[PDB]
Amino acid sequence: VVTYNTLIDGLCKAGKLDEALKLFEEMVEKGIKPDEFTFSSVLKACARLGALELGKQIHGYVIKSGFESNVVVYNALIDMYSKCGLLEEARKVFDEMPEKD
């Protein structure tokens, strides 16, 4: 998992988001579960670069995995939607969260 997280983070910091997405998909397909660091790296770059389509796709994976309770991940979702100008989606994530900080 650290191997995937390390290369995904490097690609995200470099703005190579299509490549990062393909690695994220490969992770999931092999059964190497993304963790809060995986989601954080991708969503942070989506927020920085306005990558709304990738951020929405990642949101779909969050719902599949068991991260519907992770505050770090849901904070990163709110930040991504916010920075992309989708404040109604951001508010919805906030509203569905069991525990905010």
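Residues numbered from 1 in each chain as written, not as in the entry; some residues may be left out. Heavy atoms only, no water.

Per the PDB record, the structure was determined using X-ray crystallography to 1.738 Å resolution.

For the chain, the PDB entry supplies the name PLS9-PPR and the organism unidentified. In the PDB, the entry goes by the title "Crystal structure of RNA editing specific factor of designer PLS-type PPR-9R protein".

A.B. asks: Just checking my understanding: could you explain the pattern of salt bridges for this structure?
C.D. replies: Oppositely charged side chains may form a pair once their charged atoms are brought near each other. With the rule as written, the count across this model stands at four salt bridges. Across the salt bridge formed by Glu-19 and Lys-16, the nearest N and O atoms sit 2.6 Å from each other. (Salt bridge = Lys/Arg side-chain N within 4 Å of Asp/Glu carboxyl O.)

A.B. asks: Explain the packing of helix 5 (residues 71–83) against helix 6 (residues 87–96) here, please?
C.D. replies: Helix packing for two helices is described by the angle between their axes and how far apart those axes are. Two numbers describe how helix 5 lies on helix 6: the axes approach to 7 Å, and their chain directions differ by 165°. With respect to each other, helix 5 and helix 6 are oriented roughly antiparallel. As helix 5 runs across helix 6, the sense of the crossing is left-handed. Of the residues in helix 6, those touching helix 5 at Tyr-74, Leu-77, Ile-78, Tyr-81 and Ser-82 are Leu-87, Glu-89, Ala-90, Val-93 and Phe-94. (Axes fitted to C-alpha atoms, helices over the stretch in contact; angles between N-to-C directions. Helix = DSSP H or I, 4+ residues; strand = E, 2+ residues; numbered from the N terminus. Parallel < 35°, antiparallel > 145°, perpendicular 65-115°, else oblique. Left-handed = near helix turned anticlockwise from the far one by under 90°. Contact = heavy atoms within 4.5 Å.)

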